[PDB]
């Protein structure tokens, strides 16, 4: 049918398509709430993943099941489901290795608006419904639930990769929606001091809400010097990268103490090389582990985060600053992500 799609490199618009058909194990979902992402901007305007032709955008959606294949057992038409941004193929060798995000190739667990039609349409296709859908409790509002498919699972993954010990000091570089969930994720991993690096006031306020004990604004000086002064030269036990340019990797290495971990969940769109400073990395021997992973998807990941919201461990509704209602307003919410206003964190479009 109609869908907000990438017409060509650098240009987008509504196009004409056929309604997707479900396989024996798949399901067709109609969206109830959707959200745009900064990653979709990188695909369109920077060409970071190559050239696409008439591909629907969007990968964050909470919808209602309308049709299932003959083999779907746990979902029926009428069920209220959370759809993860990553819907991998669960029958490959990379799944047996424990990295479903790369099932079938690097980043191949991320299908929506990458190698597969996204969620910005009246219907979309979800492969392996029993493995890639989670029921949505009535107690969770749509605006909060639509932060789970991507923002919550990415930010929490950064905290998971960070290997946070109880009471450790954690720095979160960047407090966009992913970084704000990284701040909340560190609090969920038992972090004591959480130092957040950001400038936008609407984000700084939300960072304190999610557990940040210190805010480092670049208006006071270089980030490295500020954090080293805050930690009295000790540094941080772990740094979570959730924003910035390639140089932020150098900053993370400089502020993490020997034996610590740099956990990256930032999608670097430009630059050939990510710099690792030789001297500050101990010339290769400082035991500063560097991790960088795509957000996990699938049913279990969604079910675990739904319980965190259900039992009031984290409230993602603070991420939602703008709410829209039309299918035509999907374009408007997208435009907000193109040129970030200072009062926007994450916009949500309620469809039905």
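Positions refer to the first chain, counted from 1.
When the two stretches 188-196 and 171-179 are set side by side, the higher mean Cα temperature factor goes to 171-179. Between 70-78 and 239-247, the higher mean Cα B-factor belongs to 70-78. Ranking 48, 314, 286, 300 by Cα temperature factor from the entry places 48 first. Comparing the listed residues 281, 90, 123, 209, the entry records the largest Cα B-factor for 123. In the deposited entry, the Cα temperature factor of residue 42 places it in the highest third of its chain's modelled residues. Among the modelled residues of its chain, residue 304 has a C-alpha B-factor that falls in the lowest third, as given in the PDB entry.
In the deposited entry, the Cα temperature factor of residue 114 sits in the top third of values across the chain's modelled residues.
Compared with the other modelled residues of the chain, the Cα B-factor recorded for residue 293 ranks in the lowest third. Sort the chain's modelled residues by C-alpha temperature factor and residue 156 lands in the lowest third, per the entry.
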